[PDB]
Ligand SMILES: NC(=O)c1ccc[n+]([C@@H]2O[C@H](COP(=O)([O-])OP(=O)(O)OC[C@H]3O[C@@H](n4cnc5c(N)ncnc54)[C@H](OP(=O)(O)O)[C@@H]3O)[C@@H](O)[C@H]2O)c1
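Next comes just one chain, in structure tokens: the form solved without the ligand.
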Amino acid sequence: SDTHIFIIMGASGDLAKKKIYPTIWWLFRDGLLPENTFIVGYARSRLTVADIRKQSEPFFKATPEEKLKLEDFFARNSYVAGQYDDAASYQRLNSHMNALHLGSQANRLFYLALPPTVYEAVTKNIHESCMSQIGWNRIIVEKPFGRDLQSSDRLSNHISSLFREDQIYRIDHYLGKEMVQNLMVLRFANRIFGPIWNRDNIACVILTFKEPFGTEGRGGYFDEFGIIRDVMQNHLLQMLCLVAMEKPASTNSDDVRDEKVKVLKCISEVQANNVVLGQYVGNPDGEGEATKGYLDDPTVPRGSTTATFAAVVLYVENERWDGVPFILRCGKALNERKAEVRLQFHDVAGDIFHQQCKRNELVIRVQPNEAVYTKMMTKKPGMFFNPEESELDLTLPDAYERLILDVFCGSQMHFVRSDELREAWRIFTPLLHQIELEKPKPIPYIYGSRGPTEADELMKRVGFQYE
């Protein structure tokens, strides 16, 4: 009902032209955005709505059946050209927004789709210039959230001195939000999985994020950060919080993020003896990009110690998870594209089936195909007592569209908080400093393989049983 404005900061950027504009396109096409919604593209380069349309339509996946809808979408679009650290551009932007249908009363939604080196300046100018005095104001902040505990604290302190937590929306591109809700309903609305969700029954927790592609083209951008900062400290650790949390007081966003930050407070700093780092190398038997390793990219500096694979074992030190390993295994250039939560349960206390029993498993897969199945054992049909391992299944805008829909709706549950981010960086900062100080050489693994075998050895050591 209320009129809204979708503000794309740095709309000329690659991310804005490939993932955000198509994602508001698909959201307006499906009728999910509020009826009165305006898109204002703001960047440094002087462009028009026609230029943005021309440069973004290939990624729109447009069809001839909806050219009228496409024209309606682009009639709601607007562009303002200005520097990110020049105030005059910001009051020009604010005057443009006020020069709209109920622009002053409109709810303003900022998306910061620009390099993080200017987040300070952009947030400083937005607070003084482009706020709305009637409707709410919300900024979407993209990763990276700094690289250390100190930098993350300084950016978070700046933003929280300007905004409040109700206005900060730190987005996580890899959070499905549907399998997360499946997790919460499964382990919180069912008594089957309630009492068994603790130390006494679960042996280990494996949180996986594999990508079959390396760092083609954009290897220099990945070099400065590494796979830990890329995936593990934010996405896999948020999945750890969702898996290991206590039952919240309610399904409110704050009541869930409190449980997540409480789980984070129980995790101690990472020790390097529980970390296996890998770096993919070219495959001689490959066909395309498989024949080029991480160091083969001309944008990667020579002798780069950046790891494209990492397996890290964490321990949530509370009553429910003390001593249970949490193996965060993520890496690039692996054999498949997988992202799942895997729980191995303990062997049954007292075996009457002559060591034929296997550990029960509960897998919550997000990528490529969503599934929730339990690998438990049922009796093999016949005339004889032996269990057999059987896979039993227990289970549409994608993750990004629904995340933007949460930002519109104000559901901040699936976004990392400030204290949550501080604990997430506290867990990993000493290990990252040690890695970037000593520069230990990562274990090379072949492109398309399963990663270094030392990661498998570490998983064996911590108490993981693989068939």
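Counting begins at 1, following the sequence as shown.
> According to the entry, how many residues of the deposited sequence fall between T395 and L396 and are not modelled? Options: none, 1 to 3, 4 to 9, 10 or more.
4 to 9 residues lack coordinates between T395 and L396.
This next part talks about the form solved in complex with the ligand, which is not shown.
> Does the 4.5 Å heavy atom contact test between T23 and the ligand in the entry with it bound come out positive?
Residue-level check for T23: no, no contact with the ligand.
> Wondering, does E454 line up within 4.5 Å of the ligand in the entry with it bound on heavy atoms?
Residue-level check for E454: no, no contact with the ligand.
> How about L15: is it within 4.5 Å of the ligand in the entry with it bound, going by heavy atoms?
Answer yes; at least one heavy atom of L15 falls within 4.5 Å of the ligand in the entry with it bound.
> With the cut-off set at 4.5 Å between non-hydrogen atoms, does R422 touch the ligand in the entry with it bound?
No, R422 sits far enough from the ligand in the entry with it bound that none of its heavy atoms falls within 4.5 Å.
> Could you tell me which stretch in 285-293, 107-115, 155-163, 272-280 has residues with non-hydrogen atoms within 4.5 Å of the ligand in the entry with it bound?
Comparing against the ligand in the entry with it bound, the contact stretch is 107-115.
> Let me know the one among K143, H96, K124, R147 whose heavy atoms come within 4.5 Å of the ligand in the entry with it bound, would you?
Answer to the contact question: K143.
> Only one of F345, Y315, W197, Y174 comes within 4.5 Å of the ligand in the entry with it bound by heavy atoms, so just point that one out.
Selected residue: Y174.
> Heavy atom within 4.5 Å of the ligand in the entry with it bound: which residues of 219-255 meet that condition, in order?
The stretch 219-255, when checked against the ligand in the entry with it bound, contributes only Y221 at the 4.5 Å heavy-atom cut-off.
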